[PDB]
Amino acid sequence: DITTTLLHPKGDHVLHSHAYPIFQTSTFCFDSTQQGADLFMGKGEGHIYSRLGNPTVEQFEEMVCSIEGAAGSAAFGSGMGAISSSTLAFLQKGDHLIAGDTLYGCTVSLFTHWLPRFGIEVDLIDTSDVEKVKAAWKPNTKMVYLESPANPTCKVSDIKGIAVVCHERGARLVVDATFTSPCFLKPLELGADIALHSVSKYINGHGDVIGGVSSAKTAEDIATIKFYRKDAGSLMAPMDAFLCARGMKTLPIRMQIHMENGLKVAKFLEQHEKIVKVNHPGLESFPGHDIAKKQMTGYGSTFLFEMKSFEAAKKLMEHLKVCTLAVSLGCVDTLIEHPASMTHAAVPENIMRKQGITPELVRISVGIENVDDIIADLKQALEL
């Protein structure tokens, strides 16, 4: 399994240190002018300046790279840094982007407010249907951007299918795989060109850092991403890379519990009288199931369910003793949130409708607490 690989990453120890040191430094010394000049031309081994490359950050990069099966990986200050760099490194004025109609709030914001200002045409469309992608296609389409399962509805897209369309028609396929982690979803393995995550979520898993990572199938593309990063300036700080690498050491073990717990909570909720419906990709009733079952080796533990009214949703969210009312996901403890008024509050009403987000929906992120304790907490907030 992946645990051994993550505990035994490639490369040398620094001064025989067992834990890899924190290179809390901005700059690096040169042995000579020639050696420094050589490093700026990409010749020889070594470092220059932490924005171009930091050993502690590179160590975390290598960890993600190996699990993704990439040619390379780039860490950023946030998921949004990885997202904006994995798109604006490639898209320019006159290009067209097709994006999933259902996305994290700030991704909607990026694609909807910023890209069109830079002359980039953007269409949000229902990517759970490959033919809708073929129809939205234009002669200037350079990229398709997917989340799958999507935030917050878990809507599934056919990554393999869309990848074939992209390869045939000369477009990059970019997949935000935050919700599932690289334990269970490896988009590069499905034909995607770029796979990215908010490391703030499962990969770090401890709710104490914000970070992003992007991984590219080709050496050229990862180099472009790092060239953009050098100029856009969204970096992972060395301390944060130390914590992300450290949190990643328990990643495969944490996901196993996340997946089993998310599944059990979802079923509990699904057969409860108070719950209209549960959107979990691992349920036989959920419309994305057959594709998700086939394209993923497991499931994350964040999903959405429907209450009968706003009052009922508020009442449930406000009477949990173990679950915490908070945005974010993928933390070791259970989080709960209300998309309409929180993570997706700023989404234009028209895109809101297309996503199917209403005041009755509540989103949960199941931690690794004992399941029966979290089922019990939900139970008393539902019935009592």
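A residue's number is simply how far along the shown sequence it sits, counting from 1.
Asks: Mean Cα B factor from the PDB record: higher for 12-20, or higher for 368-376?
Replies: Averaging CA B-factors over each stretch, the winner is 368-376.
Asks: Per the record, averaged over C-alpha atoms, which has the higher B-factor: 110-118 or 285-293?
Replies: Comparing 285-293 with 110-118, the higher average CA B-factor belongs to 285-293.
Asks: Quiz for you: based on the deposited Cα B-factor, which of 230, 217, 314, 201 is highest?
Replies: Within the set 230, 217, 314, 201, 314 shows the top C-alpha B-factor.
Asks: Whose C-alpha has the highest temperature factor in the PDB entry: 74, 164, 99, 245?
Replies: Answer for 74, 164, 99, 245: 164, with the highest C-alpha B-factor.
Asks: Taking the C-alpha B-factors as the PDB entry records them, is residue 354 in the lowest, middle or highest third of its chain?
Replies: For residue 354, whose C-alpha B-factor we compare with every modelled residue in the chain, the answer is the highest third.
Asks: Classify residue 206 as lowest, middle or highest third according to the C-alpha B-factor given in the PDB entry, relative to its own chain.
Replies: Answer is lowest: the recorded C-alpha B-factor places it there.
Asks: By the recorded C-alpha temperature factor, relative to the other modelled residues in its chain, which third is residue 237 in?
Replies: For residue 237, the deposited C-alpha B-factor lands in the lowest third.
Asks: Split the chain's modelled residues into thirds by Cα B-factor; is residue 197 in the lowest, middle or highest one?
Replies: Bottom third by C-alpha B-factor.
Asks: Going by the CA temperature factor in the PDB record, which third of the chain does residue 170 belong to: lowest, middle or highest?
Replies: Top third by C-alpha B-factor.
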